[PDB]
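> See coords.txt below, with compact mmCIF, C-alpha atoms.
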```
# COMPACT_ATOMS: atom_id res chain seq x y z
CA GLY A 1 0.00 0.00 0.00
CA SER A 2 2.37 2.70 -1.24
CA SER A 3 1.26 6.16 -2.34
CA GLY A 4 1.09 5.88 -6.12
CA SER A 5 3.71 3.95 -8.08
CA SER A 6 5.19 1.18 -5.93
CA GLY A 7 8.02 -0.17 -8.06
CA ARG A 8 10.39 1.30 -10.63
CA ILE A 9 9.45 1.81 -14.28
CA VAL A 10 10.69 3.07 -17.65
CA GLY A 11 7.83 5.37 -18.58
CA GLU A 12 6.38 6.32 -21.96
CA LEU A 13 8.38 7.31 -25.04
CA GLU A 14 6.54 10.61 -25.50
CA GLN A 15 6.69 11.15 -21.73
CA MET A 16 10.48 11.27 -22.10
CA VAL A 17 12.12 14.70 -22.28
CA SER A 18 15.20 15.73 -24.26
CA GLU A 19 17.84 17.68 -22.34
CA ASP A 20 21.21 19.24 -23.15
CA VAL A 21 24.22 18.35 -21.01
CA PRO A 22 27.46 20.37 -21.35
CA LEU A 23 30.18 17.76 -21.89
CA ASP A 24 33.76 18.53 -22.93
CA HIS A 25 35.00 16.85 -26.10
CA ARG A 26 38.07 15.86 -24.09
CA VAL A 27 35.92 13.49 -22.04
CA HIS A 28 33.59 12.39 -24.85
CA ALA A 29 35.39 9.27 -26.07
CA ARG A 30 36.68 8.49 -22.58
CA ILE A 31 33.03 8.12 -21.58
CA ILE A 32 31.74 6.58 -24.81
CA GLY A 33 34.25 3.78 -24.35
CA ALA A 34 35.57 1.46 -27.06
CA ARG A 35 32.49 -0.08 -28.66
CA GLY A 36 30.03 2.18 -26.86
CA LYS A 37 29.95 0.11 -23.67
CA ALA A 38 31.08 2.65 -21.07
CA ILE A 39 28.08 4.69 -22.22
CA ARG A 40 25.81 1.65 -22.47
CA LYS A 41 25.95 0.98 -18.73
CA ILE A 42 25.14 4.62 -17.98
CA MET A 43 22.09 4.61 -20.25
CA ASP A 44 20.59 1.44 -18.77
CA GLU A 45 21.45 2.74 -15.30
CA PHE A 46 18.95 5.60 -15.55
CA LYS A 47 17.17 4.06 -18.54
CA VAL A 48 18.00 7.10 -20.67
CA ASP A 49 19.24 7.65 -24.22
CA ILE A 50 22.44 9.69 -24.50
CA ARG A 51 23.03 11.18 -27.95
CA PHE A 52 26.57 12.47 -28.50
CA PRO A 53 27.16 15.32 -30.99
CA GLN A 54 28.17 14.12 -34.45
CA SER A 55 31.10 15.54 -36.42
CA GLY A 56 28.78 17.93 -38.25
CA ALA A 57 26.98 18.65 -34.99
CA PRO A 58 26.25 22.27 -33.99
CA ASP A 59 27.57 21.62 -30.48
CA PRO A 60 30.54 19.21 -30.33
CA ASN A 61 30.64 19.88 -26.59
CA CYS A 62 26.97 19.16 -25.89
CA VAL A 63 25.11 15.85 -25.67
CA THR A 64 21.37 15.32 -26.08
CA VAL A 65 19.98 12.94 -23.46
CA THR A 66 16.47 11.51 -23.74
CA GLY A 67 14.23 10.07 -21.04
CA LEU A 68 11.95 11.07 -18.17
CA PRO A 69 12.77 14.37 -16.42
CA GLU A 70 13.36 12.46 -13.18
CA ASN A 71 15.75 9.93 -14.71
CA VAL A 72 17.57 12.32 -17.04
CA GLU A 73 18.45 14.79 -14.28
CA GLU A 74 20.15 11.95 -12.40
CA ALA A 75 22.03 10.84 -15.51
CA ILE A 76 23.47 14.33 -15.99
CA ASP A 77 24.93 14.54 -12.49
CA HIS A 78 26.63 11.23 -13.28
CA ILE A 79 27.94 12.55 -16.59
CA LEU A 80 29.57 15.72 -15.26
CA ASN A 81 31.04 13.59 -12.47
CA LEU A 82 33.09 11.57 -14.96
CA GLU A 83 34.00 14.74 -16.84
CA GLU A 84 36.04 16.21 -13.98
CA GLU A 85 37.65 12.93 -12.90
CA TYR A 86 38.84 12.37 -16.47
CA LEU A 87 39.88 15.98 -17.06
CA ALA A 88 42.09 15.80 -13.96
CA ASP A 89 44.31 13.64 -16.18
CA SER A 90 44.82 16.00 -19.11
CA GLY A 91 48.43 16.81 -19.92
CA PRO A 92 49.93 18.43 -23.04
CA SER A 93 51.55 15.49 -24.84
CA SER A 94 54.77 16.03 -26.79
CA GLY A 95 52.99 15.66 -30.11
```
Please, can you express the file's structure as structure tokens?


Amino acid sequence: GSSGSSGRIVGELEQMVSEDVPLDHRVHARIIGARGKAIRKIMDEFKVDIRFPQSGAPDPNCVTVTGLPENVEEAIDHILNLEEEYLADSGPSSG
């Protein structure tokens, strides 16, 4: 007898909301992974759909994430978290 929804859910497609998360291109691949796995676990985690900016994208530093407004928000916080951690290790290579 819980107030409203009792268990977790995915929601409706239309119900989902597209958001823009400011992600540095220096942490893009690092997050995406090799075959898109590192980003696969994150998506399923919050059940969202992260859409990285393509080469001809207007914002190569912004990623479009789809999904409920309650799940997306959480995903973002997790995204920026990895951004910093990764950045921390950014040194000017010889060439």

> Using only C-alpha atoms, which of the listed residues (A:49, A:44, A:59, A:24) sits closest to residue 80 in chain A?

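Closest to residue 80 in chain A, using only C-alpha atoms: A:24.
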
> Kindly indicate which residue among A:51, A:10, A:71, A:66 lies nearest to residue 28 in chain A, using all atoms listed in the file for the distances.

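Among A:51, A:10, A:71, A:66, it is A:51 that comes nearest to residue 28 in chain A.
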
> Restricting the calculation to only C-alpha atoms: of A:30, A:46, A:57, A:73, which residue gets closest to residue 89 in chain A?

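Looking at the shortest contact to residue 89 in chain A, the residue is A:30.
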
> So that I can see what lies close to residue 22 in chain A, please list as a list in words the residues with an atom at most 10 Å from it, counting all atoms listed in the file and leaving out residues fewer than 4 positions away in the same chain.

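Once the nearby chain positions are removed, what remains is residues 59, 60, 61, 62, 63, 64, 76, 79, 80 and 83 of chain A.
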
> Counting only C-alpha atoms, which residue out of A:37, A:48, A:77, A:84 sits closest to residue 16 in chain A?

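Closest to residue 16 in chain A of all the choices is A:48.
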
> Give me, please, the distance in Å between CA of residue 31 in chain A and CA of residue 82 in chain A, quoted to one decimal.

7.5 Å

> In terms of the shortest atom-to-atom distance over all atoms listed in the file, which of A:69, A:53, A:58, A:92 is closest to residue 11 in chain A?

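So, comparing all the options, the nearest one is A:69.
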
> What separation in Å, quoted to one decimal, exists between CA of residue 35 in chain A and CA of residue 52 in chain A?

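Distance between the two atoms: 13.9 Å.
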
> Looking at A:47, A:25, A:95, A:55, which one is nearest to residue 8 in chain A, with distances taken over all atoms listed in the file?

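Of all the options, A:47 lies closest to residue 8 in chain A.
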
> Grab the CA of residue 91 in chain A to CA of residue 29 in chain A distance for me, in Å with one decimal place.

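Distance reported for this atom pair: 16.3 Å.
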
> Could the centre and edge lengths of an axis-aligned box, enclosing all atoms of range 76-88 of chain A in the file with 5 Å extra on each side, be given in Å to one decimal as lines of an AutoDock Vina configuration file?


```
center_x = 32.8
center_y = 13.7
center_z = -14.8
size_x = 28.6
size_y = 15.0
size_z = 14.6
```

> Since fewer atoms than expected are present, regenerate N, CA and C atoms for range 60-87 of chain A and write them as a PDB file, in the coordinates of the input.


```pdb
ATOM      1  N   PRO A  60      29.642  20.351 -30.563  1.00  0.00           N
ATOM      2  CA  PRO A  60      30.540  19.210 -30.330  1.00  0.00           C
ATOM      3  C   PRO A  60      30.895  19.042 -28.863  1.00  0.00           C
ATOM      4  N   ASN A  61      30.371  19.931 -28.025  1.00  0.00           N
ATOM      5  CA  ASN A  61      30.640  19.880 -26.590  1.00  0.00           C
ATOM      6  C   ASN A  61      29.343  19.682 -25.805  1.00  0.00           C
ATOM      7  N   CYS A  62      28.266  19.373 -26.517  1.00  0.00           N
ATOM      8  CA  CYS A  62      26.970  19.160 -25.890  1.00  0.00           C
ATOM      9  C   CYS A  62      26.363  17.830 -26.325  1.00  0.00           C
ATOM     10  N   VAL A  63      25.735  17.134 -25.383  1.00  0.00           N
ATOM     11  CA  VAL A  63      25.110  15.850 -25.670  1.00  0.00           C
ATOM     12  C   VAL A  63      23.623  15.872 -25.350  1.00  0.00           C
ATOM     13  N   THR A  64      22.815  15.353 -26.269  1.00  0.00           N
ATOM     14  CA  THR A  64      21.370  15.320 -26.080  1.00  0.00           C
ATOM     15  C   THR A  64      20.934  14.012 -25.426  1.00  0.00           C
ATOM     16  N   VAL A  65      20.436  14.112 -24.198  1.00  0.00           N
ATOM     17  CA  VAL A  65      19.980  12.940 -23.460  1.00  0.00           C
ATOM     18  C   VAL A  65      18.458  12.873 -23.420  1.00  0.00           C
ATOM     19  N   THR A  66      17.913  11.703 -23.740  1.00  0.00           N
ATOM     20  CA  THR A  66      16.470  11.510 -23.740  1.00  0.00           C
ATOM     21  C   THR A  66      16.025  10.680 -22.541  1.00  0.00           C
ATOM     22  N   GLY A  67      14.755  10.813 -22.172  1.00  0.00           N
ATOM     23  CA  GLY A  67      14.230  10.070 -21.040  1.00  0.00           C
ATOM     24  C   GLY A  67      13.470  10.953 -20.071  1.00  0.00           C
ATOM     25  N   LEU A  68      12.732  10.329 -19.159  1.00  0.00           N
ATOM     26  CA  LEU A  68      11.950  11.070 -18.170  1.00  0.00           C
ATOM     27  C   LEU A  68      12.791  12.173 -17.534  1.00  0.00           C
ATOM     28  N   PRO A  69      12.113  13.227 -17.058  1.00  0.00           N
ATOM     29  CA  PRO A  69      12.770  14.370 -16.420  1.00  0.00           C
ATOM     30  C   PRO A  69      13.363  14.010 -15.057  1.00  0.00           C
ATOM     31  N   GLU A  70      12.878  12.915 -14.478  1.00  0.00           N
ATOM     32  CA  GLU A  70      13.360  12.460 -13.180  1.00  0.00           C
ATOM     33  C   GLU A  70      14.578  11.561 -13.331  1.00  0.00           C
ATOM     34  N   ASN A  71      14.635  10.838 -14.444  1.00  0.00           N
ATOM     35  CA  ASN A  71      15.750   9.930 -14.710  1.00  0.00           C
ATOM     36  C   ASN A  71      16.900  10.674 -15.381  1.00  0.00           C
ATOM     37  N   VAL A  72      16.567  11.547 -16.327  1.00  0.00           N
ATOM     38  CA  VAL A  72      17.570  12.320 -17.040  1.00  0.00           C
ATOM     39  C   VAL A  72      18.422  13.144 -16.080  1.00  0.00           C
ATOM     40  N   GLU A  73      17.760  13.946 -15.253  1.00  0.00           N
ATOM     41  CA  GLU A  73      18.450  14.790 -14.280  1.00  0.00           C
ATOM     42  C   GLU A  73      19.546  13.998 -13.566  1.00  0.00           C
ATOM     43  N   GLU A  74      19.198  12.803 -13.100  1.00  0.00           N
ATOM     44  CA  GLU A  74      20.150  11.950 -12.400  1.00  0.00           C
ATOM     45  C   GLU A  74      21.316  11.572 -13.302  1.00  0.00           C
ATOM     46  N   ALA A  75      21.003  11.227 -14.546  1.00  0.00           N
ATOM     47  CA  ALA A  75      22.030  10.840 -15.510  1.00  0.00           C
ATOM     48  C   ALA A  75      23.060  11.950 -15.684  1.00  0.00           C
ATOM     49  N   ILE A  76      22.585  13.183 -15.821  1.00  0.00           N
ATOM     50  CA  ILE A  76      23.470  14.330 -15.990  1.00  0.00           C
ATOM     51  C   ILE A  76      24.510  14.390 -14.879  1.00  0.00           C
ATOM     52  N   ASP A  77      24.039  14.478 -13.639  1.00  0.00           N
ATOM     53  CA  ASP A  77      24.930  14.540 -12.490  1.00  0.00           C
ATOM     54  C   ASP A  77      26.025  13.485 -12.588  1.00  0.00           C
ATOM     55  N   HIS A  78      25.673  12.322 -13.125  1.00  0.00           N
ATOM     56  CA  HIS A  78      26.630  11.230 -13.280  1.00  0.00           C
ATOM     57  C   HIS A  78      27.598  11.514 -14.421  1.00  0.00           C
ATOM     58  N   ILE A  79      27.116  12.216 -15.441  1.00  0.00           N
ATOM     59  CA  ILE A  79      27.940  12.550 -16.590  1.00  0.00           C
ATOM     60  C   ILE A  79      29.035  13.546 -16.215  1.00  0.00           C
ATOM     61  N   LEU A  80      28.628  14.689 -15.674  1.00  0.00           N
ATOM     62  CA  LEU A  80      29.570  15.720 -15.260  1.00  0.00           C
ATOM     63  C   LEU A  80      30.596  15.164 -14.278  1.00  0.00           C
ATOM     64  N   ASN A  81      30.162  14.210 -13.462  1.00  0.00           N
ATOM     65  CA  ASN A  81      31.040  13.590 -12.470  1.00  0.00           C
ATOM     66  C   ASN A  81      32.256  12.962 -13.144  1.00  0.00           C
ATOM     67  N   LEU A  82      32.014  12.224 -14.222  1.00  0.00           N
ATOM     68  CA  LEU A  82      33.090  11.570 -14.960  1.00  0.00           C
ATOM     69  C   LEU A  82      33.935  12.587 -15.712  1.00  0.00           C
ATOM     70  N   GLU A  83      33.308  13.688 -16.112  1.00  0.00           N
ATOM     71  CA  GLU A  83      34.000  14.740 -16.840  1.00  0.00           C
ATOM     72  C   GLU A  83      35.215  15.237 -16.058  1.00  0.00           C
ATOM     73  N   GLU A  84      34.971  15.700 -14.836  1.00  0.00           N
ATOM     74  CA  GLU A  84      36.040  16.210 -13.980  1.00  0.00           C
ATOM     75  C   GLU A  84      37.113  15.142 -13.768  1.00  0.00           C
ATOM     76  N   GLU A  85      36.718  14.024 -13.168  1.00  0.00           N
ATOM     77  CA  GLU A  85      37.650  12.930 -12.900  1.00  0.00           C
ATOM     78  C   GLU A  85      38.599  12.730 -14.074  1.00  0.00           C
ATOM     79  N   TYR A  86      38.037  12.577 -15.267  1.00  0.00           N
ATOM     80  CA  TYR A  86      38.840  12.370 -16.470  1.00  0.00           C
ATOM     81  C   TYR A  86      39.739  13.575 -16.734  1.00  0.00           C
ATOM     82  N   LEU A  87      39.134  14.756 -16.810  1.00  0.00           N
ATOM     83  CA  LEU A  87      39.880  15.980 -17.060  1.00  0.00           C
ATOM     84  C   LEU A  87      41.136  16.041 -16.190  1.00  0.00           C
TER      85      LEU A  87
END
```
